[PDB]
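Q: Before I ask anything, let me first share the structure, which is written out below as structure tokens.
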Amino acid sequence: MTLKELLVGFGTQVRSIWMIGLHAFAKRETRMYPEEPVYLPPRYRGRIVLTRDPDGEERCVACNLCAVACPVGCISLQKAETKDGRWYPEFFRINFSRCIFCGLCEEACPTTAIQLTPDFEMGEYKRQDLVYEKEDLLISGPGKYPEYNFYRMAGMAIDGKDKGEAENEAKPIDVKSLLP
Amino acid sequence: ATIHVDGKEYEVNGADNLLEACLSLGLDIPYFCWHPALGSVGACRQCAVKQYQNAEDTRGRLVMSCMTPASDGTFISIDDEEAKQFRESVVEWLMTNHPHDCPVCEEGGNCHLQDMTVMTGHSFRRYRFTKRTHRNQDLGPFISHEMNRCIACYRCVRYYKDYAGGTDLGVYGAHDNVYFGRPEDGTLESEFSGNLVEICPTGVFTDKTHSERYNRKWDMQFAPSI
Amino acid sequence: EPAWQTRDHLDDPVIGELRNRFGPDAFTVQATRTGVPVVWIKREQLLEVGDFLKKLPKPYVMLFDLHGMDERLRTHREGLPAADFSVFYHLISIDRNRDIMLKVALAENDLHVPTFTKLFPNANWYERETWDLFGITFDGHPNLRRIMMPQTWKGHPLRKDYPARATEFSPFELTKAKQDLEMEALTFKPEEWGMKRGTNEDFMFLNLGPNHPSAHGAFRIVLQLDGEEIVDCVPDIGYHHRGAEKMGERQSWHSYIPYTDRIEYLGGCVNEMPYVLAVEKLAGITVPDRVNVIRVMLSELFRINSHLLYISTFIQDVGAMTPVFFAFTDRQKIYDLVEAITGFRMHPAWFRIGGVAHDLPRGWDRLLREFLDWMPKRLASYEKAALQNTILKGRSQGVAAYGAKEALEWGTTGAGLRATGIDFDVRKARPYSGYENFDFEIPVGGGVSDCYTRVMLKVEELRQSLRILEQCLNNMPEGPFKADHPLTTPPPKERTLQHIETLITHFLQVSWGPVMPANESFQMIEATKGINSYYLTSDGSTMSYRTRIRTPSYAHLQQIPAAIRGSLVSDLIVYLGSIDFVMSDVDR
Amino acid sequence: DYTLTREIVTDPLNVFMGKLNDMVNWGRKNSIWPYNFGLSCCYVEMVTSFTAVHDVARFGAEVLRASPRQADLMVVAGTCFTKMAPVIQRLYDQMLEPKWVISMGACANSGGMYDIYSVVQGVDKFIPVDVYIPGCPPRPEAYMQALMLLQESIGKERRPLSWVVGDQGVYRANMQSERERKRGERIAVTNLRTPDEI
Ligand code: SF4
Ligand code: SF4
Ligand code: SF4
Ligand code: SF4
Ligand code: SF4
Ligand code: FES
């Protein structure tokens, strides 16, 4: 090979050594998990929870839209009803060994009950323990949507909210009323 | 008979009305008040098509396809702009008072009103006023009643009285306070009152025995049985 | 006239030339929303039509795509010839900036077409994949073996009667397959793989795979060797097959988007864009300007991410293991912005039919400004550290070089095609997603596509993507992040939460699926690793009747034997590092 | 509570071999070399954990041997394809005791979103798995958390010190699940930041 090529190669090797040393004399870019907590954005798609309304009841009306919107089919729930007539899930289970954390169920929820939270630490020893039942999902507060209540919009009458007491609803008028 | 829908010629039965003739051809016309077993009354005003007098005609006239016979040499249009606008407007008028109830309603995923709201293309609400509200009745152990979801399509009264011969279900009230149900709380006495859950295009009449353990139609495993 | 309008393209001069050459009754013109003329040709005239298109004054020089469709369950086939199966051939003329889709109709019993390899050599793998998934025999093929499934596989998976879901697992099948994996080295016959004169006895057979120590995926290459010289080689692919098209036939138009993410898993939103664009063509949706600029922003961010990873892996494959750490820190900056916007790192699933899942979060411009300030110094540092090094240049320059003819005949797109001197980028020739409103350059090569030329072209593409990101940050319209269409899936969330008609639309779109009317749509975009395309056939239902994903890594892996013939194994390693392919892109 | 492999048994642990067992488990858990096995996008996040922004080198899991003989942990990070499943099983058989398996991602856990004709529905169908990570992909810090979970899993398991003296069966602790352990603090969460900000 050419001697000029050898000199240029030696110069660029010296430059590589010097710039790697300068990188060594630079500041570290390491986020020290778990001593330094990982910053997650508020809309990060991690562990799935079920939330509650401002009134404290569970927000899920067991409408089965999240389960059908799931492209993996890892949501299973059954609808039950109380004496006053409100709908709730009898059970609600999610196979987290199957969930791809895509957020389509949160997007499909018409009550903002199911939510994906900034939490990624979900490792497990047995795959049977990755099936999260309703007691592992329902949290004590509203989560990312702090004030939405579906039952304040629904026309279906429940406890504490009679007919005509929802938003943008007039009081019921009997057909036997004297007014024309 | 010879009809021309959207410029395409079709051979139909002349004794049929235009709605059932066009639905038999695979064409899609929204409809609420008409049923194949109950006949045409022209109530819901949803099935509007635009009829022309002859082959060369640009004005036309919005006619009711369930109330219009499919005579020989008919000229109609379904995808006409005025017809589509009026069908979307009829859906919008029905949706002014409809309760925000689809998650907690047993007709969800099985609702003719949902299908025709989507099919007309109406998804934007400009109505800002209140919605009328109705109290419910106890109709017995089989039929669950929710009068808020009614669109006043008169299918229930027509089937139950004119077809099934029942005497305890009727229409009451007036202008926009029309109430479909029994004169008082009680069990529906007819032996064919269960067909109301399929006759009703909304969730007013629902299968209560199904409602006890409810699941949506897409979640069912079905079989053809006897 | 909108861009999604159904056109028969009878004003195309190719239709007039075909009518003058073959006659008015020789073919059937189909009106589609693909944007290209779709011409149904008789089977016995297929090679004549291909030759006539190849010898045009401005010829159709590249076979873009070749696959099949099961037409037995397609109810809406108005204006179409009677077909149980069909084979489609997508050909691109760069000189005309045009493309034509020929279609050949086959009956169920007579499932054989003449081979297309004498006109286009990429038809080898394309016809092998068509035979593997549809059972369509191509007469005259040199070796028509299964390319996606193993050789001992019964049935053809892309047929409509084949079950999509996974069969029950058996350890017996795994154990016997371990036995054939054991005797594959002993009972290797070069006649099975199309090689000839194997073991003269001066040739040895080398198997690189199945697991490579790299991030491009797992696959095998069998090499015929004389000492250290490669004379024949065929790649063994299909180890990353996920049935994405078959999944597209069993997911709704909305629920398939996360599957479009994992086609090229370094692409993300770049992979999401052609699918949602083709679905919006089916739906007749014209998205607003803010949607266009948001999608352009995310696509350029993910393009910079993929290019950084590619340059880092090429440098590491050369032998310098240092800059990959800093460039993964840069990828962490990009992932910070992408996590802020979409809520996820690698597979955002954020593009929607008619728009995007959410509006932009408050403060996105801050993270974008910090990233745009951070990038250029790091880029110059990586350049001076490795891409100007003489050892890397000696390892990369002149290795696996091909010209414009070889890139055209093998369907090579992206960095290689532009390194051959051909200026063809989809963002300029056939613009999409409002790319005409951005001022950026298309880097091209001198006329010979080395490893070094491709890597430097990717660096220039990263610079141009930074320019596009600067234009996105400076000029963003204020408006809707979703379209004003009834088929926007899902509708805006607040109107769903308080309006009942919007709740109905949301209910029926997320449960049964949005109803796309029966049409065929096609969207071709410039991906991070070449030219990507989605060809969607709808029968009027809530799912895709046919999803066809064309990926450039297939064409690059098929061009691997034609370019490395007569070189060394280290040249093969450098070439594999300098292609920018992922095995998910090849096998999908 | 322990489980045998040669059965649900109890803890069999004079005091010298107890300290020997703790020292052996400490040396095994503090020096775990993963096998470099690239399957799919989950391996891209694995090598993202391998870089300088996350520093998996702090746990002594950065040597990354290219031969299965020198590796102790197999991180199945990717889809378990039918063509690649014999390769996975052969590579697992090539590894030597002690060996542990971490499934990374929904594909390696259960098949994930790819319930399709050409995908094995989980790597536990043919090889045993020690740690499972949900995610698609799991983020690199989740992989490091799974590494810590494997570390405390190893730290109380019992293995023979020598091949000529003592019981040759392997003890694995029936650990309390992370779901029931974290349910006390996960349910108490009431408010999260609204998704309209950065
Ligand atoms: S995030 Fe996606 S995969 Fe997970 S449960 Fe929700 S819809 Fe299903
Ligand atoms: S979509 Fe929401 S309200 Fe409906 S069943 Fe799922 S979590 Fe419950
Ligand atoms: S009747 Fe139909 S539109 Fe009305 S709440 Fe029920 S599902 Fe919704
Ligand atoms: S109750 Fe049902 S069937 Fe009767 S008028 Fe109302 S919507 Fe029609
Ligand atoms: S779980 Fe998701 S990210 Fe991991 S290999 Fe599967 S598709 Fe890729
Ligand atoms: S269906 Fe004709 S007006 Fe009701």
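Naming scheme: A, B, ... for chains in displayed order of the structure tokens; residues 1 onward per chain; ligands 1 onward as shown.
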Please return, as a ChimeraX atom specification, all residues of chain A lying within 7 Å of chain B when only C-alpha atoms are considered.
A: /A:61,63,79,87,153-156,163-164,168-173,175
Q: Keeping only N, CA, C and O atoms, write those residues as an mmCIF file, in the first residue's frame.
A:
data_model
loop_
_atom_site.group_PDB
_atom_site.id
_atom_site.type_symbol
_atom_site.label_atom_id
_atom_site.label_comp_id
_atom_site.auth_asym_id
_atom_site.auth_seq_id
_atom_site.Cartn_x
_atom_site.Cartn_y
_atom_site.Cartn_z
ATOM 1 N N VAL A 61 -68.865 -0.312 33.570
ATOM 2 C CA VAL A 61 -70.261 -0.687 33.413
ATOM 3 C C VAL A 61 -70.406 -2.040 32.731
ATOM 4 O O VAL A 61 -71.513 -2.408 32.335
ATOM 5 N N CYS A 63 -69.522 -3.209 29.777
ATOM 6 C CA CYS A 63 -70.100 -3.071 28.451
ATOM 7 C C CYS A 63 -69.374 -3.886 27.391
ATOM 8 O O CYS A 63 -69.834 -3.918 26.245
ATOM 9 N N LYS A 79 -71.028 -9.303 32.909
ATOM 10 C CA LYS A 79 -71.848 -8.227 33.443
ATOM 11 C C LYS A 79 -72.757 -8.737 34.553
ATOM 12 O O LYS A 79 -73.419 -9.768 34.404
ATOM 13 N N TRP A 87 -74.934 -1.257 36.249
ATOM 14 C CA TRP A 87 -74.153 -2.352 35.697
ATOM 15 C C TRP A 87 -72.746 -2.315 36.273
ATOM 16 O O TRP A 87 -72.189 -1.240 36.506
ATOM 17 N N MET A 153 -74.254 10.944 32.517
ATOM 18 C CA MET A 153 -74.700 11.164 31.149
ATOM 19 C C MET A 153 -75.757 10.168 30.708
ATOM 20 O O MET A 153 -76.592 10.499 29.861
ATOM 21 N N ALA A 154 -75.725 8.961 31.262
ATOM 22 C CA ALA A 154 -76.627 7.902 30.843
ATOM 23 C C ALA A 154 -78.056 8.199 31.272
ATOM 24 O O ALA A 154 -78.297 8.759 32.342
ATOM 25 N N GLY A 155 -79.008 7.827 30.420
ATOM 26 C CA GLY A 155 -80.405 7.943 30.777
ATOM 27 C C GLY A 155 -80.922 6.846 31.674
ATOM 28 O O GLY A 155 -82.020 6.977 32.221
ATOM 29 N N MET A 156 -80.160 5.767 31.833
ATOM 30 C CA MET A 156 -80.579 4.669 32.690
ATOM 31 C C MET A 156 -80.521 5.101 34.150
ATOM 32 O O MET A 156 -79.511 5.642 34.607
ATOM 33 N N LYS A 163 -84.730 9.375 36.997
ATOM 34 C CA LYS A 163 -84.999 9.741 35.615
ATOM 35 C C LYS A 163 -85.080 11.256 35.475
ATOM 36 O O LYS A 163 -85.737 11.931 36.271
ATOM 37 N N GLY A 164 -84.404 11.788 34.461
ATOM 38 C CA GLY A 164 -84.362 13.213 34.231
ATOM 39 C C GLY A 164 -83.305 13.959 35.011
ATOM 40 O O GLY A 164 -83.188 15.180 34.848
ATOM 41 N N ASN A 168 -78.325 17.238 30.516
ATOM 42 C CA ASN A 168 -79.107 17.601 29.328
ATOM 43 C C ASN A 168 -80.378 16.765 29.202
ATOM 44 O O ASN A 168 -80.765 16.352 28.109
ATOM 45 N N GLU A 169 -81.031 16.509 30.330
ATOM 46 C CA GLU A 169 -82.257 15.728 30.352
ATOM 47 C C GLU A 169 -83.341 16.514 31.068
ATOM 48 O O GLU A 169 -83.116 17.030 32.167
ATOM 49 N N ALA A 170 -84.507 16.607 30.441
ATOM 50 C CA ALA A 170 -85.663 17.212 31.076
ATOM 51 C C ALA A 170 -86.313 16.221 32.035
ATOM 52 O O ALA A 170 -86.058 15.016 31.990
ATOM 53 N N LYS A 171 -87.150 16.746 32.924
ATOM 54 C CA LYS A 171 -87.910 15.890 33.816
ATOM 55 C C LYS A 171 -88.955 15.107 33.023
ATOM 56 O O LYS A 171 -89.468 15.597 32.013
ATOM 57 N N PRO A 172 -89.258 13.875 33.435
ATOM 58 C CA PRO A 172 -90.271 13.091 32.720
ATOM 59 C C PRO A 172 -91.652 13.721 32.813
ATOM 60 O O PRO A 172 -92.034 14.288 33.839
ATOM 61 N N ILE A 173 -92.397 13.622 31.718
ATOM 62 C CA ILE A 173 -93.746 14.161 31.617
ATOM 63 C C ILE A 173 -94.695 12.989 31.432
ATOM 64 O O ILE A 173 -94.556 12.215 30.478
ATOM 65 N N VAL A 175 -98.055 10.976 30.454
ATOM 66 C CA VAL A 175 -99.036 11.109 29.386
ATOM 67 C C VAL A 175 -100.384 11.554 29.931
ATOM 68 O O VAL A 175 -101.220 12.064 29.177
#
Q: Compile the residues of chain C that lie within 10 Å of chain B, evaluated using only C-alpha atoms, and express the compilation as a list in words.
A: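 That gives residues 484, 485, 486, 487, 488, 491, 495, 496, 497, 498, 499, 500, 501, 502, 503, 504, 505, 506, 507, 508, 509, 511, 512, 514 and 515 of chain C for chain C.
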Q: Store the residues picked out above in a file with N, CA, C and O atoms, as a CSV table (one decimal), in the first residue's frame.
A:
chain,number,residue,atom,x,y,z
C,484,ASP,N,-63.0,15.0,9.8
C,484,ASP,CA,-64.4,15.3,9.9
C,484,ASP,C,-65.3,14.3,9.2
C,484,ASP,O,-66.4,14.6,8.8
C,485,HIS,N,-64.9,13.1,9.1
C,485,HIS,CA,-65.5,12.0,8.4
C,485,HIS,C,-66.2,11.1,9.3
C,485,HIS,O,-65.8,10.9,10.5
C,486,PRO,N,-67.4,10.5,8.9
C,486,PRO,CA,-68.0,9.5,9.8
C,486,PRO,C,-67.3,8.2,9.9
C,486,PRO,O,-67.6,7.4,10.9
C,487,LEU,N,-66.3,7.9,9.1
C,487,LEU,CA,-65.5,6.7,9.2
C,487,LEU,C,-64.2,6.9,9.9
C,487,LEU,O,-63.3,6.0,9.8
C,488,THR,N,-64.0,8.0,10.6
C,488,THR,CA,-62.8,8.2,11.4
C,488,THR,C,-62.9,7.3,12.6
C,488,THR,O,-63.8,7.4,13.4
C,491,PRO,N,-63.9,7.9,16.8
C,491,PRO,CA,-64.3,9.3,16.8
C,491,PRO,C,-63.5,10.0,17.9
C,491,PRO,O,-62.9,9.4,18.7
C,495,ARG,N,-66.4,13.9,22.3
C,495,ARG,CA,-67.8,13.8,21.7
C,495,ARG,C,-68.3,12.4,21.9
C,495,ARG,O,-69.6,12.3,22.1
C,496,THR,N,-67.5,11.4,21.9
C,496,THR,CA,-68.0,10.0,22.3
C,496,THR,C,-68.5,10.0,23.8
C,496,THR,O,-69.5,9.4,24.1
C,497,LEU,N,-67.8,10.7,24.6
C,497,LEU,CA,-68.1,10.7,26.1
C,497,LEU,C,-69.3,11.5,26.4
C,497,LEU,O,-69.9,11.3,27.5
C,498,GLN,N,-69.8,12.5,25.5
C,498,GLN,CA,-71.0,13.2,25.9
C,498,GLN,C,-72.0,13.4,24.8
C,498,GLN,O,-73.1,14.0,25.0
C,499,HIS,N,-71.8,12.8,23.6
C,499,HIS,CA,-72.8,12.8,22.5
C,499,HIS,C,-73.2,11.4,22.2
C,499,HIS,O,-72.3,10.5,22.1
C,500,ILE,N,-74.5,11.1,21.9
C,500,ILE,CA,-74.9,9.8,21.8
C,500,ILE,C,-74.7,9.2,20.4
C,500,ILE,O,-74.4,8.0,20.2
C,501,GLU,N,-74.8,10.1,19.3
C,501,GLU,CA,-74.5,9.6,18.0
C,501,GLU,C,-73.0,9.3,17.8
C,501,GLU,O,-72.7,8.3,17.2
C,502,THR,N,-72.2,10.1,18.5
C,502,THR,CA,-70.7,9.8,18.5
C,502,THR,C,-70.5,8.6,19.3
C,502,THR,O,-69.6,7.8,18.9
C,503,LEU,N,-71.2,8.3,20.4
C,503,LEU,CA,-71.1,7.1,21.1
C,503,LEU,C,-71.5,5.9,20.3
C,503,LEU,O,-70.9,4.8,20.4
C,504,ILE,N,-72.5,6.0,19.5
C,504,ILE,CA,-73.0,4.9,18.6
C,504,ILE,C,-71.9,4.6,17.6
C,504,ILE,O,-71.6,3.4,17.3
C,505,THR,N,-71.3,5.7,17.0
C,505,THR,CA,-70.3,5.4,16.0
C,505,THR,C,-69.0,4.8,16.6
C,505,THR,O,-68.5,3.8,16.0
C,506,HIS,N,-68.7,5.2,17.8
C,506,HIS,CA,-67.5,4.6,18.5
C,506,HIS,C,-67.8,3.2,18.9
C,506,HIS,O,-67.0,2.3,18.7
C,507,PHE,N,-69.1,2.9,19.4
C,507,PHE,CA,-69.5,1.6,19.8
C,507,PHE,C,-69.4,0.6,18.6
C,507,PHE,O,-68.7,-0.4,18.7
C,508,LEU,N,-70.0,1.0,17.5
C,508,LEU,CA,-70.0,0.0,16.3
C,508,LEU,C,-68.6,0.0,15.6
C,508,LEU,O,-68.3,-1.0,14.9
C,509,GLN,N,-67.8,1.0,15.8
C,509,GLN,CA,-66.4,0.9,15.2
C,509,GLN,C,-65.4,0.1,16.0
C,509,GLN,O,-64.6,-0.6,15.4
C,511,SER,N,-66.3,-2.3,18.2
C,511,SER,CA,-66.7,-3.7,18.4
C,511,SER,C,-66.8,-4.5,17.2
C,511,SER,O,-66.1,-5.5,17.0
C,512,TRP,N,-67.7,-4.2,16.2
C,512,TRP,CA,-67.8,-4.9,15.0
C,512,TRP,C,-66.7,-4.5,14.0
C,512,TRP,O,-66.2,-5.3,13.2
C,514,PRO,N,-65.2,-0.8,11.6
C,514,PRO,CA,-65.7,0.1,10.5
C,514,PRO,C,-65.9,-0.6,9.2
C,514,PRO,O,-65.1,-1.5,8.8
C,515,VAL,N,-67.0,-0.2,8.5
C,515,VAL,CA,-67.3,-0.9,7.3
C,515,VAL,C,-66.7,-0.1,6.1
C,515,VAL,O,-67.2,1.0,5.8
Q: Using only C-alpha atoms and all ligand atoms, which residues have at least one atom no more than 8 Å from ligand 2? Output them as a compact mmCIF listing (two decimals) with N, CA, C and O atoms, in the first residue's frame.
A:
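The file below, result-v4.txt, is the result:
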# COMPACT_ATOMS: atom_id res chain seq x y z
N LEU A 50 -58.28 -0.59 36.60
CA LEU A 50 -59.66 -0.14 36.56
C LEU A 50 -59.85 0.92 37.63
O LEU A 50 -59.31 0.80 38.73
N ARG A 59 -65.97 2.54 37.96
CA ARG A 59 -66.41 3.19 36.74
C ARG A 59 -66.83 2.20 35.66
O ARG A 59 -67.50 2.61 34.71
N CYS A 60 -66.46 0.93 35.77
CA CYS A 60 -66.76 -0.02 34.72
C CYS A 60 -68.23 -0.40 34.73
O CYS A 60 -68.77 -0.78 35.77
N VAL A 61 -68.87 -0.31 33.57
CA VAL A 61 -70.26 -0.69 33.41
C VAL A 61 -70.41 -2.04 32.73
O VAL A 61 -71.51 -2.41 32.33
N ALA A 62 -69.30 -2.78 32.58
CA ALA A 62 -69.28 -4.13 32.00
C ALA A 62 -69.91 -4.16 30.61
O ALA A 62 -70.75 -5.02 30.30
N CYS A 63 -69.52 -3.21 29.78
CA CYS A 63 -70.10 -3.07 28.45
C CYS A 63 -69.37 -3.89 27.39
O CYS A 63 -69.83 -3.92 26.25
N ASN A 64 -68.25 -4.51 27.75
CA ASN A 64 -67.52 -5.47 26.90
C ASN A 64 -67.00 -4.85 25.61
O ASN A 64 -66.84 -5.54 24.61
N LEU A 65 -66.72 -3.54 25.61
CA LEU A 65 -66.12 -2.93 24.43
C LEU A 65 -64.60 -3.08 24.43
O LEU A 65 -64.00 -3.23 23.36
N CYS A 66 -63.98 -3.03 25.61
CA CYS A 66 -62.54 -3.23 25.71
C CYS A 66 -62.14 -4.65 25.32
O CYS A 66 -61.09 -4.85 24.70
N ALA A 67 -62.96 -5.64 25.69
CA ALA A 67 -62.63 -7.03 25.39
C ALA A 67 -62.70 -7.31 23.90
O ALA A 67 -61.89 -8.08 23.37
N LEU A 77 -64.66 -10.59 30.87
CA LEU A 77 -65.50 -10.02 31.90
C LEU A 77 -66.93 -10.50 31.72
O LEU A 77 -67.34 -10.93 30.64
N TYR A 88 -72.17 -3.49 36.50
CA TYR A 88 -70.81 -3.60 36.98
C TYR A 88 -70.25 -4.93 36.50
O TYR A 88 -71.02 -5.80 36.08
N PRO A 89 -68.93 -5.10 36.48
CA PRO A 89 -68.38 -6.41 36.13
C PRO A 89 -68.47 -7.38 37.30
O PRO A 89 -68.02 -7.07 38.41
N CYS A 105 -57.83 -0.86 24.40
CA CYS A 105 -58.93 -1.02 25.34
C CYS A 105 -59.23 0.28 26.08
O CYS A 105 -60.40 0.59 26.33
N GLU A 106 -58.19 1.02 26.46
CA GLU A 106 -58.41 2.33 27.07
C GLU A 106 -59.04 3.29 26.07
O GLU A 106 -59.89 4.10 26.43
N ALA A 108 -61.05 2.42 23.67
CA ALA A 108 -62.42 2.00 23.40
C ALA A 108 -63.35 2.16 24.59
O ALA A 108 -64.56 2.00 24.42
N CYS A 109 -62.84 2.46 25.77
CA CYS A 109 -63.68 2.53 26.96
C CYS A 109 -64.56 3.77 26.92
O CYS A 109 -64.04 4.89 26.88
N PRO A 110 -65.89 3.62 26.94
CA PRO A 110 -66.77 4.79 26.92
C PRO A 110 -67.02 5.39 28.29
O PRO A 110 -67.76 6.38 28.38
N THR A 111 -66.45 4.83 29.35
CA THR A 111 -66.57 5.38 30.69
C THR A 111 -65.23 5.78 31.28
O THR A 111 -65.20 6.28 32.41
N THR A 112 -64.13 5.59 30.54
CA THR A 112 -62.75 5.80 31.01
C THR A 112 -62.46 5.02 32.29
O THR A 112 -61.81 5.51 33.21
N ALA A 113 -62.95 3.78 32.35
CA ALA A 113 -62.67 2.92 33.49
C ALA A 113 -61.33 2.23 33.34
O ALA A 113 -60.46 2.33 34.21
N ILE A 114 -61.13 1.52 32.23
CA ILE A 114 -59.88 0.83 31.99
C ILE A 114 -58.84 1.84 31.52
O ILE A 114 -59.11 2.67 30.64
N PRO B 103 -73.54 1.81 26.35
CA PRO B 103 -72.81 0.84 27.19
C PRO B 103 -73.68 0.04 28.14
O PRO B 103 -73.34 -1.11 28.44
Q: When you look at stretch 8-19 of chain A with a cut-off of 10 Å (counting only C-alpha atoms), what residues show up, excluding the ones that are within fewer than 6 positions of it in the same chain? I need them as a PyMOL selection string.
A: (chain A and resi 2+25) or (chain C and resi 381+384-386+388-391)
Q: Using only C-alpha atoms and all ligand atoms, which protein or nucleic acid residues are at most 7 Å from ligand 4, as number ranges by chain?
A: B: 33, 147, 149-157, 180, 199-202, 204-205
Q: Atoms to include: N, CA, C and O atoms. Write the selected residues as a CSV table (one decimal), in the first residue's frame.
A:
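Result written to again_38.csv:
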chain,number,residue,atom,x,y,z
B,33,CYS,N,-89.8,1.9,10.6
B,33,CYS,CA,-91.2,1.5,11.0
B,33,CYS,C,-91.7,0.4,10.1
B,33,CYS,O,-92.6,-0.3,10.5
B,147,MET,N,-88.4,3.0,28.2
B,147,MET,CA,-89.0,3.9,27.2
B,147,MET,C,-88.2,5.1,26.7
B,147,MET,O,-88.6,5.7,25.8
B,149,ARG,N,-85.4,5.0,25.2
B,149,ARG,CA,-84.7,4.6,24.0
B,149,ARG,C,-85.6,4.5,22.8
B,149,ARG,O,-85.2,4.2,21.7
B,150,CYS,N,-86.9,4.9,23.0
B,150,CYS,CA,-87.9,4.7,21.9
B,150,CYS,C,-87.7,5.8,20.8
B,150,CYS,O,-87.3,7.0,21.1
B,151,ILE,N,-87.9,5.4,19.6
B,151,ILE,CA,-87.9,6.3,18.4
B,151,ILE,C,-89.3,6.5,17.8
B,151,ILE,O,-89.4,7.2,16.8
B,152,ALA,N,-90.3,6.0,18.5
B,152,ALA,CA,-91.7,6.1,18.1
B,152,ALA,C,-91.9,5.6,16.6
B,152,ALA,O,-92.5,6.2,15.8
B,153,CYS,N,-91.4,4.4,16.4
B,153,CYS,CA,-91.5,3.7,15.1
B,153,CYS,C,-92.8,2.9,15.0
B,153,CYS,O,-93.0,2.3,13.9
B,154,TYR,N,-93.5,2.7,16.0
B,154,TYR,CA,-94.8,2.1,16.1
B,154,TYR,C,-94.8,0.6,15.7
B,154,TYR,O,-95.8,0.0,15.4
B,155,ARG,N,-93.6,-0.1,15.7
B,155,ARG,CA,-93.6,-1.5,15.4
B,155,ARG,C,-94.2,-2.3,16.5
B,155,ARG,O,-94.8,-3.3,16.2
B,156,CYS,N,-94.0,-2.0,17.7
B,156,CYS,CA,-94.5,-2.8,18.8
B,156,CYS,C,-96.0,-2.8,18.9
B,156,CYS,O,-96.6,-3.9,19.0
B,157,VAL,N,-96.6,-1.7,18.7
B,157,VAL,CA,-98.1,-1.7,18.8
B,157,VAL,C,-98.7,-2.4,17.6
B,157,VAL,O,-99.6,-3.2,17.7
B,180,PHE,N,-95.2,4.0,24.6
B,180,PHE,CA,-95.5,2.6,24.1
B,180,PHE,C,-95.4,1.7,25.3
B,180,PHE,O,-94.3,1.5,25.8
B,199,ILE,N,-88.7,-7.3,17.3
B,199,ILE,CA,-89.5,-6.3,16.6
B,199,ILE,C,-89.1,-4.9,16.9
B,199,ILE,O,-88.9,-4.1,16.0
B,200,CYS,N,-88.8,-4.6,18.2
B,200,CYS,CA,-88.3,-3.3,18.5
B,200,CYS,C,-86.9,-3.0,18.0
B,200,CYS,O,-86.0,-3.8,18.4
B,201,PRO,N,-86.7,-2.0,17.2
B,201,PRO,CA,-85.4,-1.8,16.6
B,201,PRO,C,-84.4,-1.1,17.6
B,201,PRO,O,-83.2,-1.0,17.3
B,202,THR,N,-84.9,-0.8,18.8
B,202,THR,CA,-84.1,-0.2,19.9
B,202,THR,C,-84.2,-1.1,21.1
B,202,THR,O,-84.6,-2.2,21.0
B,204,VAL,N,-85.9,-0.7,23.9
B,204,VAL,CA,-87.0,-0.4,24.8
B,204,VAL,C,-87.5,-1.8,25.4
B,204,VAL,O,-87.6,-1.9,26.6
B,205,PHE,N,-87.7,-2.7,24.5
B,205,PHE,CA,-88.1,-4.1,24.9
B,205,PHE,C,-86.9,-5.0,24.8
B,205,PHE,O,-86.3,-5.1,23.7
Q: Could you give me, as CSV, every chain A residue with an atom at most 6 Å from chain C, plus its closest atom pair and distance in Å to one decimal, counting only C-alpha atoms, rows ordered by chain then number?
A:
residue,atom,partner,partner_atom,distance
A:9,CA,C:390,CA,5.5
A:12,CA,C:389,CA,6.0
A:16,CA,C:385,CA,5.6
A:41,CA,C:340,CA,5.4
A:43,CA,C:343,CA,5.0
A:44,CA,C:343,CA,4.0
A:45,CA,C:343,CA,5.4
A:68,CA,C:511,CA,5.5
A:69,CA,C:510,CA,5.4
A:71,CA,C:255,CA,5.6
Q: Using the chain letters and numbers from this document, which residues of stretch 70-161 of chain A does DSSP assign to helix (DSSP H, G or I), as a PyMOL selection string?
A: chain A and resi 104-108+127-130+134-136+150-152
Q: Using only C-alpha atoms, I'd like every residue of chain D that has an atom within 7 Å of chain C; please write them out as a VMD selection string.
A: chain D and resid 36 to 41 44 48 51 to 53 81 83 to 84 86 114 to 119 126 196 to 198
Q: Using DSSP secondary structure from the backbone, list all strand (DSSP E) positions within stretch 23-178 of chain A, as a list in words.
A: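 Those in stretch 23-178 of chain A that DSSP calls strand (DSSP E) are residues 48, 49, 50, 75, 76, 77, 78, 79, 80, 81, 87, 88, 89, 90, 91, 92, 93, 94, 95, 114, 115, 116, 131 and 132 of chain A.
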